[PDB]
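Below: the structure, in structure tokens.
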Amino acid sequence: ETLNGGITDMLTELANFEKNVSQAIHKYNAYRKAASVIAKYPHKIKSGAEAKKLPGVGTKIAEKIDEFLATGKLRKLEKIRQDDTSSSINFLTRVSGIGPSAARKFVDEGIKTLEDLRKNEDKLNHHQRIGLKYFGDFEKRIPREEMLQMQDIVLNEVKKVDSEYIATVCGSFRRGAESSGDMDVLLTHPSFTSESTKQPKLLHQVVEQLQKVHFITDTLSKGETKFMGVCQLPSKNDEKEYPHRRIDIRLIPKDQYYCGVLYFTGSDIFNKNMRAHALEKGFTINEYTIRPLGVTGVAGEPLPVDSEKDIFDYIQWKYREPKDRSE
DNA sequence: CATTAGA
DNA sequence: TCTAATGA
Ligand SMILES: [Mn+2]
Ligand SMILES: [Mn+2]
Ligand code: NA
Ligand code: NA
């Protein structure tokens with residue numbers, strides 16, 4: 001956690017670099033187990049060898065260790081960090097929509113900068129177009145103060161269209177979070193569950209409405225169950241306009257809301273931990289349901305859930321408010 | 001790990 | 001169809 005810090009650190013630096021600049025999934029994949037392990041190791045690793053003893057730690061990595069323990073540096077790391085080429089790849093990458101593959105490609109073509117990114121807006125797909133567009137506003141945090149406004153709104157329309165829709169703004173915001181990266185609305189409806197062959201319009205109506213009133217200003221990807229866009233709160237009585245925000249809304253078969261909600265609510269560890277728990281308690285929990293476990297090793301049969309509670313009850317736990325789902 | 005764009 | 005990118 002701190003004792004093995006630098007090690008795993010350059011380690012992740014290293015892996016992340018393969019997979020991005022290089023198409024070296026393996027080596028990249030290497031660096032990670034190693035980093036994974038040394039990370040777990042209970043003692044200050046003092047030299048290649050020591051480390052070396054570990055599963056996943058080869059002569060290659062071990063080699064880097066020493067260099068690193070001897071000199072609090074690494075050439076490859078010093079050389080990469082410099083590399084204008086791989087710098088570019090790391091950078092272009094931030095663009096919402098740009099990934100390594102494309103990061104490379106642009107680079108090759110010679111699109112290194114954001115300005116390059118502009119002059120060549122043609123070479124970019126819509127995703128990335130918007131991605132380039134709201135580049136600033138994308139990178140910014142979302143004041144809870146604003147979250148409340150946004151949430152306030154979504155809620156309204158959702159209801160306006162059909163009183164029957166149920167909505168939940170999940171993620172950190174739900175968990176208290178003084179800020180947030182983007183809003184996650186989870187949605188469901190009674191008419192929609194496990195069997196009943198969809199009703200695509202379900203998602204649809206909603207989006208249409210959101211845009212209807214001008215909340216959603218763009219579409220990143222509307223699909224039959226996952227919309228993915230951009231929103232913005234009405235810029236009041238001018239002088240101060242609102243930053244474009246990522247928004248995601250997903251339709252859910254009513255008979256799986258809570259688990260999903262539970263899930264998306266996090267935190268990542270509370271989740272795990274909870275998950276890890278359901279298990280001893282003789283169960284299974286995942287993004288959509290919760291199943292009683294059986295001795296033969298495994299089992300099925302999706303237990304009924306009416307609220308975050310039910311889930312808790314099941315594994316017989318203490319109801320924990322979103323606020324304290326921190327871990 | 002699954003859902004959407006795109007080509 | 002596959003192959004990218006998001007997310008989480
Ligand atoms: Mn999100
Ligand atoms: Mn989020
Ligand atoms: Na070893
Ligand atoms: Na990106």
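Identifiers in the structure tokens: chain A, B, ... in order shown; residue index from 1 per chain; ligand index from 1 in order shown.
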Every residue of segment 54-235 of chain A that DSSP places in helix (DSSP H, G or I), as a ChimeraX atom specification: /A:59-70,75-82,84-92,100-109,114-119,121-123,126-133,135-139,144-161,201-212
Those same residues, written as a tab-separated table (two decimals), in the first residue's frame with C-alpha atoms?
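To be explicit, this is the file written out as out31.tsv:
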chain	number	residue	atom	x	y	z
A	59	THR	CA	14.13	-11.63	-14.68
A	60	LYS	CA	12.81	-8.78	-16.82
A	61	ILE	CA	10.90	-6.95	-14.19
A	62	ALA	CA	13.31	-7.93	-11.46
A	63	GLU	CA	15.79	-6.18	-13.54
A	64	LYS	CA	13.82	-3.03	-13.53
A	65	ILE	CA	13.39	-3.20	-9.77
A	66	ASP	CA	17.05	-2.91	-8.91
A	67	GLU	CA	17.59	0.00	-11.28
A	68	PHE	CA	14.72	1.59	-9.63
A	69	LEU	CA	15.71	0.75	-6.06
A	70	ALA	CA	19.29	1.74	-6.78
A	75	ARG	CA	15.58	4.86	-18.04
A	76	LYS	CA	12.69	3.35	-20.00
A	77	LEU	CA	10.47	5.40	-17.87
A	78	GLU	CA	12.56	8.43	-18.34
A	79	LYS	CA	12.74	7.83	-22.06
A	80	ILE	CA	8.90	7.20	-22.36
A	81	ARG	CA	7.86	10.13	-20.31
A	82	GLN	CA	9.87	12.16	-22.79
A	84	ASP	CA	6.67	13.00	-27.79
A	85	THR	CA	5.09	10.17	-29.63
A	86	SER	CA	3.81	8.27	-26.76
A	87	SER	CA	3.01	11.61	-25.06
A	88	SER	CA	0.61	12.33	-27.83
A	89	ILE	CA	-0.97	8.98	-27.54
A	90	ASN	CA	-1.56	9.44	-23.89
A	91	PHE	CA	-3.06	12.85	-24.50
A	92	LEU	CA	-5.33	12.37	-27.59
A	100	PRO	CA	-5.42	4.09	-28.23
A	101	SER	CA	-6.15	2.57	-31.55
A	102	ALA	CA	-7.32	5.76	-32.85
A	103	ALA	CA	-4.77	7.61	-30.73
A	104	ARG	CA	-2.05	5.86	-32.67
A	105	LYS	CA	-3.65	6.29	-36.03
A	106	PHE	CA	-4.09	10.07	-35.61
A	107	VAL	CA	-0.65	10.33	-34.46
A	108	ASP	CA	0.68	8.61	-37.37
A	109	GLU	CA	-1.28	10.75	-39.70
A	114	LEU	CA	-5.99	19.26	-30.08
A	115	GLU	CA	-5.69	21.99	-32.62
A	116	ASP	CA	-4.76	19.22	-35.07
A	117	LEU	CA	-7.77	17.54	-33.77
A	118	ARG	CA	-9.80	20.52	-34.89
A	119	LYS	CA	-8.41	21.14	-38.39
A	121	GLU	CA	-12.62	17.36	-37.58
A	122	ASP	CA	-13.56	15.33	-40.63
A	123	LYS	CA	-11.29	12.52	-39.79
A	126	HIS	CA	-19.54	11.95	-34.22
A	127	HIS	CA	-18.63	10.56	-30.80
A	128	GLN	CA	-15.31	12.16	-30.88
A	129	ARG	CA	-16.78	15.20	-32.46
A	130	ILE	CA	-18.73	15.99	-29.51
A	131	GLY	CA	-15.91	14.63	-27.48
A	132	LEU	CA	-13.68	17.31	-28.97
A	133	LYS	CA	-16.43	19.92	-28.67
A	135	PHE	CA	-13.36	18.69	-24.20
A	136	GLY	CA	-13.05	21.37	-21.51
A	137	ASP	CA	-16.45	20.79	-19.89
A	138	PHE	CA	-15.81	17.09	-19.99
A	139	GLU	CA	-12.80	17.14	-17.94
A	144	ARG	CA	-23.32	18.46	-6.16
A	145	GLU	CA	-25.05	21.81	-5.95
A	146	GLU	CA	-25.61	21.33	-9.75
A	147	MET	CA	-26.27	17.61	-9.33
A	148	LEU	CA	-29.28	18.48	-7.29
A	149	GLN	CA	-30.49	20.77	-10.03
A	150	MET	CA	-30.00	18.22	-12.75
A	151	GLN	CA	-31.57	15.41	-10.67
A	152	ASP	CA	-34.38	17.68	-9.86
A	153	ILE	CA	-35.08	18.00	-13.48
A	154	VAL	CA	-34.77	14.56	-14.70
A	155	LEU	CA	-37.13	13.49	-12.12
A	156	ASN	CA	-39.66	15.84	-13.23
A	157	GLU	CA	-39.97	14.99	-16.75
A	158	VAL	CA	-39.66	11.22	-16.12
A	159	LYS	CA	-42.79	11.56	-14.12
A	160	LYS	CA	-44.40	13.99	-16.54
A	161	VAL	CA	-44.28	11.48	-19.20
A	201	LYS	CA	-40.09	3.34	-26.64
A	202	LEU	CA	-39.69	3.19	-22.95
A	203	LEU	CA	-36.24	4.57	-23.06
A	204	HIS	CA	-37.09	6.57	-26.02
A	205	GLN	CA	-39.95	8.67	-24.65
A	206	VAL	CA	-37.82	9.76	-21.99
A	207	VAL	CA	-34.87	10.89	-23.96
A	208	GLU	CA	-37.25	12.75	-26.29
A	209	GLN	CA	-38.67	14.52	-23.39
A	210	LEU	CA	-35.29	15.46	-21.88
A	211	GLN	CA	-34.29	16.98	-25.08
A	212	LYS	CA	-37.80	18.27	-25.50
Given 8 Å and only C-alpha atoms (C1' of nucleotides) and all ligand atoms, residues near ligand 1 as a PyMOL selection string: (chain A and resi 171+181-184+246-248) or (chain C and resi 7)
Residue list for chain A near chain B as a VMD selection string, 12 Å, only C-alpha atoms (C1' of nucleotides): chain A and resid 97 124 to 128 219 to 228 250 to 251 286 to 287
Go ahead and save the picked residues with C-alpha atoms, as an mmCIF file, in the first residue's frame.
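For reference, result-v6.cif as written:
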data_model
loop_
_atom_site.group_PDB
_atom_site.id
_atom_site.type_symbol
_atom_site.label_atom_id
_atom_site.label_comp_id
_atom_site.auth_asym_id
_atom_site.auth_seq_id
_atom_site.Cartn_x
_atom_site.Cartn_y
_atom_site.Cartn_z
ATOM 1 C CA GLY A 97 -14.280 8.715 -27.986
ATOM 2 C CA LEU A 124 -13.336 12.227 -36.562
ATOM 3 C CA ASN A 125 -16.608 10.278 -35.943
ATOM 4 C CA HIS A 126 -19.535 11.951 -34.217
ATOM 5 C CA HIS A 127 -18.633 10.559 -30.801
ATOM 6 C CA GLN A 128 -15.313 12.162 -30.881
ATOM 7 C CA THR A 219 -26.547 12.136 -28.378
ATOM 8 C CA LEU A 220 -23.356 10.078 -27.933
ATOM 9 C CA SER A 221 -25.307 6.896 -28.396
ATOM 10 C CA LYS A 222 -28.943 6.203 -28.037
ATOM 11 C CA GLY A 223 -29.619 2.509 -28.108
ATOM 12 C CA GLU A 224 -32.528 0.416 -27.200
ATOM 13 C CA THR A 225 -31.634 0.394 -23.533
ATOM 14 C CA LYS A 226 -28.742 2.628 -22.938
ATOM 15 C CA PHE A 227 -28.754 6.193 -23.966
ATOM 16 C CA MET A 228 -25.481 8.024 -23.586
ATOM 17 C CA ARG A 250 -30.264 3.011 -18.794
ATOM 18 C CA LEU A 251 -33.532 1.143 -18.988
ATOM 19 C CA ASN A 286 -24.252 -9.532 -9.383
ATOM 20 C CA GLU A 287 -25.392 -6.567 -11.436
#
Close residues to ligand 3 using only C-alpha atoms (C1' of nucleotides) and all ligand atoms, limit 6 Å, as a ChimeraX atom specification: /A:52-58
Sel. of strand (DSSP E) residues, segment 101-302 of chain A, as a VMD selection string: chain A and resid 142 to 143 166 to 169 179 to 180 183 to 189 216 to 219 226 to 231 245 to 253 283 to 286 289 to 292
10 Å contacts from chain C to chain A using only C-alpha atoms (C1' of nucleotides), as a PyMOL selection string: chain C and resi 4-8
Only N, CA, C and O atoms (P, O5', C5', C4', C3', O3' and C1' of nucleotides), please: the residues just picked out, written as a PDB file, in the first residue's frame.
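out20.pdb written:
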ATOM      1  P    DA C   4      -9.560  -3.215 -32.503  1.00  0.00           P
ATOM      2  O5'  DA C   4     -10.330  -1.958 -31.882  1.00  0.00           O
ATOM      3  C5'  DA C   4     -10.262  -0.732 -32.577  1.00  0.00           C
ATOM      4  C4'  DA C   4     -11.357   0.223 -32.124  1.00  0.00           C
ATOM      5  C3'  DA C   4     -11.133   0.837 -30.772  1.00  0.00           C
ATOM      6  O3'  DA C   4     -10.888   2.201 -30.943  1.00  0.00           O
ATOM      7  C1'  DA C   4     -13.414   0.077 -31.081  1.00  0.00           C
ATOM      8  P    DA C   5      -9.959   3.043 -29.933  1.00  0.00           P
ATOM      9  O5'  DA C   5     -11.063   3.575 -28.902  1.00  0.00           O
ATOM     10  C5'  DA C   5     -12.309   3.956 -29.351  1.00  0.00           C
ATOM     11  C4'  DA C   5     -13.401   4.053 -28.307  1.00  0.00           C
ATOM     12  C3'  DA C   5     -12.955   4.244 -26.876  1.00  0.00           C
ATOM     13  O3'  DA C   5     -13.237   5.581 -26.545  1.00  0.00           O
ATOM     14  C1'  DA C   5     -14.830   2.770 -27.092  1.00  0.00           C
ATOM     15  P    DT C   6     -13.050   6.291 -25.130  1.00  0.00           P
ATOM     16  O5'  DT C   6     -14.567   6.466 -24.663  1.00  0.00           O
ATOM     17  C5'  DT C   6     -15.171   5.263 -24.328  1.00  0.00           C
ATOM     18  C4'  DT C   6     -16.569   5.479 -23.846  1.00  0.00           C
ATOM     19  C3'  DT C   6     -16.567   5.644 -22.337  1.00  0.00           C
ATOM     20  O3'  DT C   6     -17.700   6.356 -21.874  1.00  0.00           O
ATOM     21  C1'  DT C   6     -17.572   3.609 -22.753  1.00  0.00           C
ATOM     22  P    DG C   7     -17.412   7.284 -20.616  1.00  0.00           P
ATOM     23  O5'  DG C   7     -18.320   6.563 -19.543  1.00  0.00           O
ATOM     24  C5'  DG C   7     -18.037   5.204 -19.412  1.00  0.00           C
ATOM     25  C4'  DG C   7     -19.256   4.423 -19.025  1.00  0.00           C
ATOM     26  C3'  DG C   7     -19.325   4.277 -17.530  1.00  0.00           C
ATOM     27  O3'  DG C   7     -20.646   4.088 -17.079  1.00  0.00           O
ATOM     28  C1'  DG C   7     -18.523   2.285 -18.518  1.00  0.00           C
ATOM     29  P    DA C   8     -20.980   4.829 -15.685  1.00  0.00           P
ATOM     30  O5'  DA C   8     -20.446   3.753 -14.651  1.00  0.00           O
ATOM     31  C5'  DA C   8     -21.161   2.594 -15.006  1.00  0.00           C
ATOM     32  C4'  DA C   8     -20.699   1.437 -14.206  1.00  0.00           C
ATOM     33  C3'  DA C   8     -19.998   1.816 -12.895  1.00  0.00           C
ATOM     34  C1'  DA C   8     -18.748   0.233 -14.185  1.00  0.00           C
TER      35       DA C   8
END
Coordinates-based distance that separates atom CA of residue 280 of chain A from atom CA of residue 32 of chain A (Å, one decimal):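 About the pair atom CA of residue 32 of chain A and atom CA of residue 280 of chain A: they are 29.3 Å apart.
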Atom CA of residue 232 of chain A to atom CA of residue 215 of chain A, distance in Å rounded to a single decimal: 5.5 Å
Among listed residues A:29, A:93, A:164, A:312, nearest ligand 4 (using only C-alpha atoms and all ligand atoms): A:93
Shortest interatomic distance to ligand 2 - which of A:179, A:307, A:326, A:197, counting only C-alpha atoms and all ligand atoms: A:179
Which of A:6, A:300, A:322, A:260 sits closest to residue 177 of chain A [using only C-alpha atoms]: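 Nearest to residue 177 of chain A: A:322.
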Residue with smallest distance to residue 261 of chain A - pool A:30, A:10, A:169, A:25, counting only C-alpha atoms: A:169
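As for atom CA of residue 191 of chain A and atom CA of residue 299 of chain A, they are spaced 28.8 Å apart.
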